[PDB]
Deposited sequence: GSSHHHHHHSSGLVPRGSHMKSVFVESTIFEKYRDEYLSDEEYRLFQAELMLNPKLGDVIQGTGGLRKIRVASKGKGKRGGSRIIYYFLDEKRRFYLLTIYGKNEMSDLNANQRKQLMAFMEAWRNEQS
């Protein structure tokens, strides 16, 4: 068929304070738009992390990794943070819990 396989709805990407501070330290605007395009076609494209409440990790820069939460009803993505491949790739409980907290902090801003 003509239209490519995936989702084609108006969508919103929402940078967090962290992601906005550190985005351009990592991604050229081409890389960033390619990333949002990929998620817009397919949310659920990132690998789930458990204990987080639905946060996902995508690895496309290279070794850049973004962590995001897609909001089911409002069709907004929360871009939580971006970290490089070499750098802290060690996932522990203090991390998963605080990520879940800030994620829920955005989540309950628009009921």
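Going by the record, the unmodelled stretches of the deposited sequence, in order, are 1-11, 73-79.
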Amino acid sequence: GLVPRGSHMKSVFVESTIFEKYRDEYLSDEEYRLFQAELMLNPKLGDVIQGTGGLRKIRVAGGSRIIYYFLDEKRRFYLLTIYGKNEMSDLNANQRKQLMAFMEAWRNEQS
From here on, numbers count along this sequence of modelled residues.
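As the entry records it, the average C-alpha temperature factor is higher for 43-51, out of 73-81 and 43-51. Legend: mean Cα B-factor per stretch from the PDB entry, 88-96 versus 19-27; the higher mean is in 88-96.
Annotation for residue 59: CA B-factor lies in the highest third of the chain's modelled residues.
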